[PDB]
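Below: the structure, in structure tokens.
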Amino acid sequence: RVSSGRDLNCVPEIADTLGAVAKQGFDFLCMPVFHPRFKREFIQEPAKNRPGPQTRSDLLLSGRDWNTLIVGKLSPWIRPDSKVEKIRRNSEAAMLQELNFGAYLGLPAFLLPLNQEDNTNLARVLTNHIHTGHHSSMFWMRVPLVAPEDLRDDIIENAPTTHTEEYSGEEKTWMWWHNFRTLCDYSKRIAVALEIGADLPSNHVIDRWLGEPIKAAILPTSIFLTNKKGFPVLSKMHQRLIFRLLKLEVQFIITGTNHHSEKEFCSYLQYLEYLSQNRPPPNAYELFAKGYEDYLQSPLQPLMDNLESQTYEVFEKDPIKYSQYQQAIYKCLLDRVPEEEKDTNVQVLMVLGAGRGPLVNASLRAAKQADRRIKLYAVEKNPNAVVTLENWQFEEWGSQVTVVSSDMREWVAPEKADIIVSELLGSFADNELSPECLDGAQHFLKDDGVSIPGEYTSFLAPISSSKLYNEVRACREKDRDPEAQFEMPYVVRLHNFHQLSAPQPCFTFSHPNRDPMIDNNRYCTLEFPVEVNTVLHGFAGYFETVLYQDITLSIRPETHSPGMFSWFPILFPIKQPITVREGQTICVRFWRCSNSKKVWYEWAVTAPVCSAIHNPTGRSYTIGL
Amino acid sequence: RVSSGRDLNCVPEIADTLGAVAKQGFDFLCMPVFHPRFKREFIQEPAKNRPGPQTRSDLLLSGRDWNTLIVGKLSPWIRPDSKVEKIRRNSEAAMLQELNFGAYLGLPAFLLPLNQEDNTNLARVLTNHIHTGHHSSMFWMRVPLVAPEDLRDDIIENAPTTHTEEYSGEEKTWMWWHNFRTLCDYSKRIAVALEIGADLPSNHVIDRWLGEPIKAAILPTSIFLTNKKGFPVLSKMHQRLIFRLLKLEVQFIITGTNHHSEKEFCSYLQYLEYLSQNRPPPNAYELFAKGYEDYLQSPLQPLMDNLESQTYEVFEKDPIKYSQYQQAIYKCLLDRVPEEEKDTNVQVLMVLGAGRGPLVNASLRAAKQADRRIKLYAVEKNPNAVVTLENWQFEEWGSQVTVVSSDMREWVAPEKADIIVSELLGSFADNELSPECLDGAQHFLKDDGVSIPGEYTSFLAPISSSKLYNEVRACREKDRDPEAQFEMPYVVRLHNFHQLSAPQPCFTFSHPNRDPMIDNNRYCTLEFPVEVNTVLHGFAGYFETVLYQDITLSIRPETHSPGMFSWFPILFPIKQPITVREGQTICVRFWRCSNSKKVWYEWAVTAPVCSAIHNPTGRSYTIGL
Amino acid sequence: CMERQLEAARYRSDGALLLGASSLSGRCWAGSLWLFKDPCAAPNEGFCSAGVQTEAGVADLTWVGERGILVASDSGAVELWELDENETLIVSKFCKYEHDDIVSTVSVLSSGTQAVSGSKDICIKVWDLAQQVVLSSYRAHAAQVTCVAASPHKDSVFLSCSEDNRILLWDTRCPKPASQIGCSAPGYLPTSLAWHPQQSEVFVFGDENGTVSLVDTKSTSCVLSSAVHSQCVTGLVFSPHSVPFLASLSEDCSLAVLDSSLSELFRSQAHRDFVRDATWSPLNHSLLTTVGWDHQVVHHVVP
Ligand SMILES: Cc1cc(NC(=O)C(=O)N2C[C@@H](C)N(C(=O)C(C)C)C[C@@H]2c2ccc(F)cc2)cnc1N
Ligand SMILES: Cc1cc(NC(=O)C(=O)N2C[C@@H](C)N(C(=O)C(C)C)C[C@@H]2c2ccc(F)cc2)cnc1N
Ligand SMILES: Cc1cc(NC(=O)C(=O)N2C[C@@H](C)N(C(=O)C(C)C)C[C@@H]2c2ccc(F)cc2)cnc1N
Ligand SMILES: CSC[C@H]1O[C@@H](n2cnc3c(N)ncnc32)[C@H](O)[C@@H]1O
Ligand SMILES: CSC[C@H]1O[C@@H](n2cnc3c(N)ncnc32)[C@H](O)[C@@H]1O
Ligand SMILES: [Cl-]
Ligand SMILES: [Cl-]
Ligand SMILES: [Cl-]
Ligand SMILES: [Cl-]
Ligand SMILES: [Cl-]
Ligand SMILES: [Cl-]
Ligand SMILES: [Cl-]
Ligand SMILES: [Cl-]
Ligand SMILES: [Cl-]
Ligand SMILES: [Cl-]
Ligand SMILES: [Cl-]
Ligand SMILES: [Cl-]
Ligand SMILES: [Cl-]
């Protein structure tokens, strides 16, 4: 079901109008708190001394109704950026008055339009109002997807509409928002109410709004077509846009009068419900990660910290990953033991980082499937999970599985392993120090031993998301650097964002590492071609891994393993957003640094403009060894 | 209904035991996570290499059950403060192990006992565990109300129990907590599980726990008496204690075996439910302020800020206060107009700070009741409420009420008032600048005019509450003084606290103020006799006011107006708690300072020890003029 | 199914071995009682004379004559079990929940009709084994009762020791039945007690620091002391010899055999876990059987 509201500029009685819009099926009402034609004077007499009351009484609705069902609208005659000084000051006063009355009513949202390029004084007044009393109220900026000047009919004889393609001009309205949002210093209480016209612009104009805080989408009744039976419908392009907005879970606002007058007015709304109840059903991954969309979390460090039971539970309920692991172990067992040696050859298999033992059961199933005999070591440094491992071993496994409660880099193995199997990969492949752990464990692997995974590679892609940037900015804490939140990665289900370039490989690690001079430090320079006008806010990070031969795992979007739940992507933010024009190249640098105690990442954008080197010396983020 | 749990030290199977305690009616189970007699070695071989598993598997319960129904218990053999070094280190290791396993299970609370005076190493280990990974888990300190040494039978021939009164000795267990809580730096994750014995101590020993964070009360089955029908009951003193604990809304924990074996074990629990369902029903005030108990809020400043509609709504739904105001206006109208002048004399009545106009209707009802004619001015500087006032005036009042949207200190009144009526009192009487407002409005009052209220007086009382102190301490914000939260008052429904001395008057103001040299600055020194051992954390503030003659309002506890909702008490904290011994005097100083722009309070404790002067120059808290 | 943690071992007049075991880890925290008429076959379940699983783990047991078994349970219960007429079954005679915490120790008085039990609920109870009732309950200590030991020949006298650093001599014929002994200064916590079989006024006690001390109730003075073990002394067992030996058990996983001067004569480190109980054979007074949490039943010969 959709969350919808009704926009009106004419309310005779507030109670009857609210009852009517509730009967029609709307969840809220956008209405003026003062009469739209009731222009008021604040400076010059005698109109300054106009007898009250100045608007409706607040006793006409309950406080709950004001808090939940009413969205305020700025009066259309208030022009805080007028070229006339009188009108400028009077509109400043009137805007302050209406905003203060909206806050007095406790309205959940207030609408303010952006109709021109210059809204600087409007931004000044709104920013002053925001920094006056702590409030949770929202301000929806009504911004048209296409400016009315670029939308008018070509009927002015001596002023024809331009037929020439203007790539950046067609995006001008976004600038209208971007400047305003920038003037108000990225206030979290300011969002976008995107208004959609009858004629849709190019796809890049629409994509310029990816990653923007869109809370509402405004649909006029005039943009609706009519079918054979007279019901209002939408074109297929408008349906694509409605689906894209439904994925963002915005609130739809029907504006205008009933033009399909033979049918009731709820028909419009019903169509949306239709379009919502026939939207593509999400996969298992989207259902699993629904409530975690754009939710910032600190990356887990299973080496330095002991994971909780429910984290292991989340890791275990992922059948695709363990099916892949079992298939890899099956292929490796068939490769190492010929058929005539299936009774004589017992493979030594060591699970390094067994947790609660899903890889152990996967190895047992692979041995049963390959008709080969194995001897299992389950190594785990977390003793709380060793409890579960040893209960499993006493109750089910038996002497076939030897549980080793120690660090794989310190364990003195009684024998060497034919196969080592690990699950130490993070969202950025090596960000949980799997290379160092598998290096410390390399000495008790046979000269021809196999490591599963055998290889892994991280991937980076520049993204645009003012929402995620504002969340990271809000992650400011006391007793630390006021910008330390920008110099650390976040595990996050990326939702409202825009990928600016195709992902490219970053760091690659292989196991076993026969190289005599093992060095896990890395320095990589990536050049991302960008073909749109956008604002860089950070870099999304994924990984691929070859467990054995053609058995792979991946959260990289192009090659993502269908139905895998164990990994969300990672996000590396940057302190200052960077404007990127169409055709420019984003050149970024990434370091993997370390000492004997900790490993960390450093990154910096070098083109089209230079940023500061983020997380120098691991001051803001380190991974304990 | 009560929230109760079952305490057990013997769990054969966790599932059957949990099912049984759920059938009996308990909400949670306190159980050991390791076997209580399963002492483990961490240093010395060969017992160090004991084969696992070390305890039960976490797969025996769902994560939800671990999160909601299981409270962990420290094993009784863990003695982190033993005189033996081996036992000391081994118990440190075992305590860390058990706490980490409890955090691994996600338990909502973990029990740790305080059986002796010295628990310093226990506090060290617990504080180290708390500062290791962000967690919401709670630690309940099982503290006996009476120490077992002071509770044993007098059956040792050569070691008789002392019959001499030891006032501070009988409170020793509180010190056990107070030191421990102090060593852990007032961690909010550490609370008290108060255990109650068969013989209750003196009332001061029990009152020493007022204001302490008591989350649980432990009842052994042995303390229960038996009635005629065999059901377990409690003595009247134990019933008083149970009622006092129910007012604090703690969780009750039944421990011990079923001694009334002819009856089922739920009987015990049922008795509690009985005692709960026959507890004294709360008044209208307690029902109104239930969810706001010990909830810190910043004091309203209706002069500097414009109040919202629902704040006025809260102020209006208070019939006792407006009945008192109406009675005062009625008496004043009868006093000023003789019977023979009831048709000729029209009293001028001005409501200064009318809000949405409850005082206006009270004045109209008083005029109708006194059979006297009045002329009403409703003065309000908040224009949002002036909207409601003018809608009222156009729809109901008429020309009898003249609405004046201006500040009462700047308004040029067309005539002088026989009566001025105001409602500008805060929780601390003058903390909303009613004196200055009524002084600025004094010029348009007649030479024999009357002000309602005619007088008001603030009251202070030293209180003890570690809970409120910890809340204030938690009110630390960035970008300001790390201790500014201690130098500002809070409006709060005081619940879990202990009044240390009788309230005394602080500042008094009268209106009209005929004094030629008007000075609202104040300096007061208060000496509070204290007859208990306690810890001063702040001062509660109330007010009384004479509206007219014998018509008064009051939130002072001894003379509180029954059923009045408009005011909660106020709280002035202090940065450092102050130990106060029995018989000592708390000498405190209070200032009311001001300049031409703002008014503020300053306070300091001078006896039995000196504190810092709080809020100097209004750096942390000011009231705008 | 038998559990790993062997808790107690006692010989009978005819040379049979009674074992009490508990499971202190795993899914089920229960216990079991066993009787082996072939002591060398222990602890193998398949070669036992009798065996039964009980509700909770056992913390201490003792014989009641030749057929009774008195069990202190984790459930807070005192349980009397009885053998079948042919001694093939172990049936429950009674199971009373009178303690509010784990019953840690139990001892049968000299008459054989009454017993004394101590628990972590700080209380000490006297039981009439015939009426299955508690005669009296004393709250003399201030912490968990660690051990109780009935006097060999006085039915109203018994020792107790708890974590409140008290060693109480009890004579129930007095209005105040308990009397405090203890060494001069606050010594380390007493953990094990044992009356002397030949001298009714002399006993021995082992503390948490590994020290075994010989005390006389009359002179109430530490007659002798010896640092025998490196960890807490959990048990003290005298031999049935005329001049008896002293078997000391500790959490250092070692058994020591000392003389009347507390001088070490024999030492065994055969156990790899805690040593819980030891018993001397009535048929061969030189044979000493020890049990421990390593599920081992060791039979030492002592010169
Ligand atoms: C095998 C393996 C897997 C991972 N996977 C991740 O870290 C990761 O992407 N997560 C996001 C998500 C999938 N998840 C959740 O629990 C969902 C329900 C929210 C788990 C985890 C996470 C949980 C809480 C956090 F605070 C941070 C991350 C890491 N290491 C290893 N070895
Ligand atoms: C006439 C008058 C009355 C007061 N009364 C107070 O200030 C006061 O005690 N309150 C506590 C409480 C009674 N209340 C509430 O709304 C309850 C439901 C929580 C209102 C108010 C308050 C509300 C929010 C806050 F953040 C702070 C205070 C002040 N001035 C004047 N003139
Ligand atoms: C409290 C306790 C005691 C012991 N001691 C023993 O089990 C023990 O060795 N004995 C007692 C008994 C088994 N026994 C008998 O001959 C019975 C059948 C008549 C032989 C022997 C003995 C020793 C000295 C004597 F003076 C007489 C007998 C062990 N553990 C604990 N907790
Ligand atoms: C399945 S999540 C990764 C698992 O490997 C474990 N692990 C990580 N590093 C090591 C290490 N060096 N030795 C042993 N186990 C490890 C973690 O504790 C976790 O259970
Ligand atoms: C009934 S809460 C106090 C009321 O008095 C109003 N008030 C406070 N100070 C003044 C003032 N100086 N002039 C007019 N109204 C005032 C406040 O705006 C509020 O409505
Ligand atoms: Cl309202
Ligand atoms: Cl608003
Ligand atoms: Cl809304
Ligand atoms: Cl599992
Ligand atoms: Cl553990
Ligand atoms: Cl490098
Ligand atoms: Cl779980
Ligand atoms: Cl916990
Ligand atoms: Cl709880
Ligand atoms: Cl009203
Ligand atoms: Cl207004
Ligand atoms: Cl003064
Ligand atoms: Cl002693």
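Numbers and lists here come from the model and the stated rules, or from a named source; these are not laboratory values. Note that we place each Cβ from the backbone using ideal geometry, even for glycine, and neighbour counts take in every protein chain shown.
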Candidate set: segment C:216-247, residues that are assigned to a strand (DSSP E or B) and touching a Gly at 6+ places or on another chain (Cβ under 9 Å); chosen: the one farthest from C:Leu283 (Cα to Cα)
C:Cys222
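Each row is one residue, and each column tells you yes or no for (1) free of Cβ contacts under 8 Å to residues at least 60 places away in the same chain; (2) away from ligand 16 (no atom under 16 Å from the Cβ).
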position: A:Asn90; (1), (2): yes, no
position: A:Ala94; (1), (2): yes, no
position: A:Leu99; (1), (2): yes, no
position: A:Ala103; (1), (2): yes, no
position: A:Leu112; (1), (2): yes, yes
position: A:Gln116; (1), (2): no, yes
position: A:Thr120; (1), (2): no, yes
position: A:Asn128; (1), (2): yes, yes
position: A:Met141; (1), (2): yes, yes
List the pairs whose first member sits in segment C:179-199 and is within 23 Å of B:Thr161 (Cβ to Cβ), whose second member is surrounded by fewer than 15 Cβ atoms within 10 Å (Cβ to Cβ), and whose Cβ atoms are under 6 Å apart, counting only residues at least 6 apart or on separate chains?
C:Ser179/B:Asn158; C:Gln180/B:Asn158
Going by the conditions given, is C:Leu283 surrounded by 14 or more Cβ atoms within 10 Å (Cβ to Cβ), part of a loop (DSSP other than H, G, I, E, B) and more than 14 Å from chain B (Cβ to nearest Cβ)?
no
Strands (runs of 3 or more DSSP E) wholly inside segment A:463-582 containing at least 3 residues that are surrounded by 23 or more Cβ atoms within 10 Å (Cβ to Cβ) and either among the β-branched types (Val, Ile, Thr) or in the same structural domain as A:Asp418 (by CATH) (or both)
none
When you check C:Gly187 against the structure, is it away from ligand 4 (no atom under 16 Å from the Cβ) and on the phi > 0 side of the Ramachandran plot, yes or no?
no
Any residue that is within 20 Å of A:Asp430 (Cβ to Cβ), of a type outside the set (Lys, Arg) and out of contact with any helix residue (DSSP H, G or I) (no Cβ under 9 Å at 6 or more places or on another chain) - is there at least one of those in segment A:548-555?
yes
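Per-residue answers, yes or no, for (1) within 16 Å of the chain's Cα centre (by Cα); (2) of a type in the set (A, V, I, L, M); (3) farther than 24 Å from C:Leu18 by Cα:
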| site | (1), (2), (3) |
| --- | --- |
| C:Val71 | yes, yes, no |
| C:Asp74 | yes, no, no |
| C:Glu79 | yes, no, no |
| C:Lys93 | no, no, no |
| C:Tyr97 | no, no, no |
| C:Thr105 | yes, no, no |
| C:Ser119 | yes, no, no |
| C:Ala142 | no, yes, yes |
Residue that is surrounded by the fewest Cβ atoms within 10 Å (Cβ to Cβ), among those in segment B:32-44 that are closer than 23 Å to A:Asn382 by Cβ and not basic (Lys, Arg):
B:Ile43
Matching residues in segment B:598-610 - criterion: being buried (at least 18 other Cβ atoms within 10 Å of the Cβ) and of a type outside the set (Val, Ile, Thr)
B:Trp600, B:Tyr601, B:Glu602, B:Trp603
Residue under question is B:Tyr268, and the condition is that it be in a helix (DSSP H, G or I) and either at negative phi or surrounded by fewer than 17 Cβ atoms within 10 Å (Cβ to Cβ) (or both); does it hold?
yes
Is there any pair with a first residue in segment B:1-25 that is within 14 Å of chain C (Cβ to nearest Cβ) and a second that is outside any loop (DSSP other than H, G, I, E, B) and of a type in the set (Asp, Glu) whose Cβ atoms are under 8 Å apart and which are 6 or more apart or on different chains, and what are they?
B:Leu18/B:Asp65
Residue, farthest from the other protein chains (Cβ to nearest Cβ), within segment A:113-132, restricted to residues that are out of contact with any strand residue (DSSP E or B) (no Cβ under 6 Å at 6 or more places or on another chain) and either within 22 Å of A:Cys10 (Cα to Cα) or within 16 Å of ligand 5 (Cβ to nearest atom) (or both)
A:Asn115
Given (1) more than 11 Å from chain B (Cβ to nearest Cβ); (2) within 16 Å of ligand 16 (Cβ to nearest atom); (3) part of a loop (DSSP other than H, G, I, E, B), identify the lone condition not met by A:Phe34.
(1)
What are the residues in segment A:577-606 that are farther than 16 Å from A:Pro462 by Cα and without any contact (Cβ under 8 Å) to a residue 40 or more places away in the chain, if any?
A:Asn595, A:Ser596, A:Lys597, A:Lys598, A:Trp600
Which condition number does B:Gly52 fail, the rest of (1) buried (at least 17 other Cβ atoms within 10 Å of the Cβ); (2) facing another protein chain (nearest Cβ under 10 Å); (3) touching a residue at least 24 places away in the same chain (Cβ under 8 Å) being met?
(3)
Pairs where the first residue, in segment A:219-241, is in contact (Cβ under 8 Å) with a residue 12 or more places away in the chain and the second is among the basic types (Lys, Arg) and surrounded by 15 or more Cβ atoms within 10 Å (Cβ to Cβ), C-beta under 8 Å, 6+ apart:
A:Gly230/A:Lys263; A:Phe231/A:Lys263; A:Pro232/A:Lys263
May I ask you to list the residues in segment A:339-362 that are within 16 Å of ligand 9 (Cβ to nearest atom) and part of a helix (DSSP H, G or I)?
A:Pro358, A:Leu359, A:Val360, A:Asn361, A:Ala362
Give segment A:418-444 a look and list any residue that's over 37 Å from the mean Cα position of the chain (by Cα) and closer than 16 Å to A:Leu547 by Cβ, or say none.
A:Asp418, A:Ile419
Go through segment B:121-171 residue by residue and tally those that are within 29 Å of the chain's Cα centre (by Cα), among the β-branched types (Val, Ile, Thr) and more than 30 Å from C:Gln180 (Cβ to Cβ).
2
Going by the structure shown, is A:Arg365 surrounded by fewer than 20 Cβ atoms within 10 Å (Cβ to Cβ), away from ligand 15 (no atom under 16 Å from the Cβ) and within 23 Å of A:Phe444 (Cα to Cα)?
no
I'm checking my understanding of the structure. Among residues of segment B:68-95 that are over 19 Å from B:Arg142 (Cβ atoms) and within 14 Å of chain A (Cβ to nearest Cβ), which one is surrounded by the fewest Cβ atoms within 10 Å (Cβ to Cβ)?
B:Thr68
Tell me, please, whether a residue that is in contact with a helix residue (DSSP H, G or I) (Cβ under 9 Å, 6 or more places away or on another chain), assigned to a loop (DSSP other than H, G, I, E, B), of a type in the set (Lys, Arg) and not assigned by CATH to the domain that holds B:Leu494 can be found in segment B:220-232.
no
Only one of B:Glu264, B:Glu341 is away from ligand 3 (no atom under 16 Å from the Cβ) and outside the structural domain of B:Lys416 (by CATH). Can you tell me which?
B:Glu264
Set B:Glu396, B:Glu380, B:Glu390: member being away from ligand 14 (no atom under 16 Å from the Cβ), without any contact (Cβ under 8 Å) to a residue 40 or more places away in the chain, in the same structural domain as B:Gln326 (by CATH) and surrounded by fewer than 23 Cβ atoms within 10 Å (Cβ to Cβ):
B:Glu396
Go over the candidates B:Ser427, B:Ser399 one by one and state the one that is of a type in the set (S, T, N, Q) and within 21 Å of B:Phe315 (Cα to Cα).
B:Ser427
